[PDB]
Amino acid sequence: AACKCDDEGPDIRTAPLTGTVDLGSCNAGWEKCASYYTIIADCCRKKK
């Protein structure tokens, strides 16, 4: 799911809606957009 970013990095492919709702934590190459979102989900941005 598409999440809106606090850490609005230069890599705007789309809109402020760039981050994905990642479960628990974040994956390799996925940096914190909105560090915490909901209960057991955080927003991470796949940035190169």
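Residues numbered from 1 in each chain as written, not as in the entry; some residues may be left out. Heavy atoms only, no water.

## Some points on the pairing of strand β3 (residues 30–38)
Direction of pairing for β3 relative to strand β4 (residues 41–46): antiparallel, over a ladder of five bridges. Within β4, the residue paired with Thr38 across the bridge is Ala41. Hairpin connection, β3 to β4: the antiparallel pair is bridged by two residues. (Pairing = 2+ DSSP bridges. Helix = DSSP H or I, 4+ residues; strand = E, 2+ residues; numbered from the N terminus.)

## Re the UniProt feature "disulfide bond" in the chain
Measuring sulfur to sulfur gives 2.0 Å for the UniProt disulfide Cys5/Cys33, short enough to count as a bond. Of this pair, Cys5 sits in the loop between β1 (2–4) and β2 (17–23) while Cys33 sits in strand β3, and the two are 28 residues apart along the sequence. Of the residues examined, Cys5 reaches a relative accessible area of 7% and is grouped as buried. Disulfide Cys26/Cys44 (UniProt): S-S 2.0 Å, present in this structure. With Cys26 in the loop between β2 and β3 and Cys44 in strand β4, the pair connects residues that are 18 residues apart, well separated along the chain. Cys26 gets classed as partly exposed once you look at its relative accessible area, which sits at 24%. On the basis of relative accessibility, which here comes to 0%, the residue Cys44 falls in the buried class. (Disulfide = S-S within 2.5 Å. UniProt positions renumbered as here; feature names shortened; annotations may be inferred. Buried < 20%, exposed > 50% of the residue type's maximum accessible area, 1.4 Å probe, protein only.)

## A closer look at the pattern of salt bridges
Pairing between side chains of opposite charge can happen when the charged atoms of each approach one another. Taken as a whole and assessed by the stated rule, the structure comprises three salt bridges. The salt bridge involving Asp11 is made with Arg13; its shortest N-O contact spans 3.2 Å. The exposed category is assigned to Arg13, whose relative accessible area is 64%. When the shortest N-O distance is used, the salt bridge between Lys32 and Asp42 registers 3.1 Å. Residue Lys32 is found in strand β3, and its partner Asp42 is found in strand β4; the two are separated by ten residues along the sequence. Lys32 sits in the partly exposed class, given a relative accessible area of 38%. (Salt bridge = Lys/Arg side-chain N within 4 Å of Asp/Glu carboxyl O.)

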